[PDB]
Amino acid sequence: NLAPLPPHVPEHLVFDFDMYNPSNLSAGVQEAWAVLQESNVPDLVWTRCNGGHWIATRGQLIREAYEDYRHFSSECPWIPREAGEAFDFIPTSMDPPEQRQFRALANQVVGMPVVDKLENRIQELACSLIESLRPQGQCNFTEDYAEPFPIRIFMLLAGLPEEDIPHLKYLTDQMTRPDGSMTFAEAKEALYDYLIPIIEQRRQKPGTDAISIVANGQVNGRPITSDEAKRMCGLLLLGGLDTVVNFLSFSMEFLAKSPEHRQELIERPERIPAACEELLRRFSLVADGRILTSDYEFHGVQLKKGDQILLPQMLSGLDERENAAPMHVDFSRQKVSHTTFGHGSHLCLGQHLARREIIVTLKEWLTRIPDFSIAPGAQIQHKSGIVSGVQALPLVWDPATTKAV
């Protein structure tokens, strides 16, 4: 339950927040995490949950910490510590300067240039799935669209058989929102067990798929090793199957309850990209951290070498000191401040692919099924972790109010 308070941790800074099951979850995950920004909560607190760790609750500290990799290392970014210690994905488990070379390689598979190339493909898949659902007048968004849309795109880019999705998806979810069936370490070894043969095979016979590119790639001009390729492909796998997938659901859940906001985008489609950013802020969902490389005093608090600190990317944009009325969605928001895709040298590499998938989904969906709502009686439930999500999303609509495009 609660780990005994280390001697150096001030008693009054204790706030037992459980990132894998926050007290106020029933009100929504973001709402649940936002409790950390209530009037009497300090900028930096310590929770005795999940082994004990600090938590920066404000955008100011979160951004500052992510910028200072000398003090806050990516070496151990996962909580609990056991997970953080087993965590060796590339390039996230690395700090500059060595981290850099691997980011460049990762960009060969997800960089903007590559994304633009995927535009037509992405649109075709979205239109395909939406048009197929359109006449049915209902669907559980998570399994009918949120999951298949981005996962298939990734699997295709990676050149991996779709039959493998169920196993892979289970493993990725155990790494972000474990149900207890396995530790982060076990899910990782299983993910690596899956990739090892595939990488060797792609290295012997170079292809044009994401795996081949990484596996036969160069970093700083030298050949990447089989282990490095594995550590990187594993991370790309995680991004492709458990980020956009979840974000889309938070977004659609909101749109299914906001006729006014839907009409805005229906009226002026050119506002979709802006709406996408506001949604990325309001429904931010990632939260990992760093480990102190040495004793360091941060904002009046004595952090000790080895201490873990959660720096919730999700909280920055929800911070009222960053955005007035943070909980309100305003597609017209003048300055949409957020760190949804991270901050610092570890800025999300899949962010361009993510925005494309989000915008295409909004554009293609609202143009065919402008009017829809949450299936009556549905008690939408959220799930919390390194990456938060929605359990199920039952949507309904009158087929007569749709349009084939």
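Residue indices: 1-based, along the sequence shown.
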Of 62-70 and 35-43, the stretch with the higher mean C-alpha B-factor in the deposited entry is 35-43
Higher of the two mean Cα B-factors (257-265, 317-325; per PDB record) comes from 257-265
From the entry's CA B-factor values, the highest among 126, 286, 106, 196 is 126
The residue of 188, 281, 205, 290 with the maximal C-alpha B-factor according to the PDB record is 205
In terms of its chain's C-alpha B-factors, the third that includes residue 276 is the middle
Of the three thirds of Cα B-factor ranks in this chain, residue 146 occupies the middle
Sorting the chain's modelled residues by C-alpha B-factor and splitting them into thirds places residue 26 in the highest
By the entry's values, the third containing the CA B factor of residue 343 is the lowest
Quick tally, chain-level thirds of C-alpha B-factors: residue 156 sits in the highest
